[PDB]
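Computation of the quantities below employed the complete heavy-atom set of this structure, encompassing side-chain atoms and omitting hydrogens, waters and symmetry-equivalent molecules. Throughout, residue positions are numbered sequentially from 1 according to the sequence presented. As the structure lists them, so they are numbered: ligands from 1, and atoms in each ligand from 1.
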Amino acid sequence: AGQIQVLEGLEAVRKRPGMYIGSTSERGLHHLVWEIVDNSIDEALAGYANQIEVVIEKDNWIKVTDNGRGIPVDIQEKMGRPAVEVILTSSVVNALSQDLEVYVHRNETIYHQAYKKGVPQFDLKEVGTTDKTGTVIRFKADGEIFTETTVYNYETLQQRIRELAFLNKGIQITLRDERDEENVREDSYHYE
Ligand SMILES: O=c1nc[nH]c2scc(-c3cccs3)c12
Ligand SMILES: [Cl-]
């Protein structure tokens, strides 16, 4: 019933995405970033993270990285699935992404899962080891949903990232554009 409710939720989001994110215009595209960044900001506010990095990658993938605890990976009571999978298959961003990947650094282990339109492509796996903790989310917005544009605007991202860093003092928030490998731009914000 839990996994069935998962699937019904992804169907709902993709049927009326503007009810979830405001619009499917350029403003809704950028909203995807804000939803992921806000989760990392909560982790900083909780006392566990202090660095967030937003990267516009080739082909308008977005990568958000924080140094928090790592999304948990323990098997749940409710779903019988790893906690990170439950969290990400209930995420609006995941539903509205043609592809999304997570890497969790936790328990000295690197865990990976990938999804398409919110559907896990394989079970969460251990892919490597680590001496850090935190979370990496990489997504590509689904052009079937975002029919006007899937191209991010650096200055739109920059203006809100700067605002977030100013509002959440002590969090280092970095924006980087890698879409043109020949001219990479980066702004990094860290108040007080
Ligand atoms: O730490 C996080 N970074 C990004 N997204 C999420 S969603 C849930 C969490 C965490 C909950 C508890 C530890 S990490 C995070
Ligand atoms: Cl865990």
Worksheet entry | Candidate pair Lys58 and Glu181, rule salt bridge (charged side-chain N to carboxylate O under 4.0 Å, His left out), full reasoning | CA-CA 8 Å; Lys58 186 176 101 82; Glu181 73 289 348; over 6 Å; no
Worksheet item: What pairs of residues pass the salt bridge (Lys or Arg N to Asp or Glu O under 4.0 Å) test when at least one of them lies in residues 81-96, not counting sequence neighbours?
Response: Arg81-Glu85, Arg81-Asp123
Discussion item. So does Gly170 get a backbone contact from the side chain of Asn50, meaning a donor-acceptor N/O pair under 3.5 Å?
Written reply: no
Practice prompt. Name the closest protein heavy atom to atom 12 (C) of ligand 1, giving the residue it belongs to and the distance to 0.1 Å.
Written response: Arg69 NH2, 3.5 Å
I'd like a table of donor-acceptor pairs (distance under 3.5 Å, sequence neighbours excluded) in which one partner is a side-chain atom from residues 96-103, with atom names and distances.
unit_1	atom_1	unit_2	atom_2	d
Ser97	OG	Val93	O	2.8
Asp99	OD1	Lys116	NZ	2.8
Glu101	OE1	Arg138	NH1	2.8

Worksheet, complete the sentence: re atom 14 (S) of ligand 1, the protein heavy-atom contact at minimum distance is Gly70 O, 3.3 Å
Item to complete: Could you say whether the N/O atoms of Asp66 and ligand 1 ever approach to under 3.5 Å?
Response: yes
Discussion item. Does this structure show an ion pair linking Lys117 with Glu144, if we count only N-O contacts that are shorter than 4.0 Å?
Written reply: yes
Worksheet item: Is ligand 1 under 4.0 Å from a heavy atom in the side chain of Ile71, in the backbone, in both, or in neither?
Response: both
Item to complete: Specify the protein heavy atom at minimum distance from atom 5 (N) of ligand 1: its residue, its atom name, and the distance to 0.1 Å.
Response: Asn39 CB, 3.6 Å
Discussion item. Heavy atoms only, cut-off 4.0 Å: how does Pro72 contact ligand 1, side chain, backbone, both, or neither?
Written reply: side chain
Worksheet item: In this structure, are over 12 heavy atoms from other groups packed under 6.0 Å from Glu148 atom CD?
Response: no
Worksheet item: Closest non-hydrogen protein atom to atom 10 (C) of ligand 1, residue and atom name please, with distance?
Response: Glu43 OE1, 4.0 Å
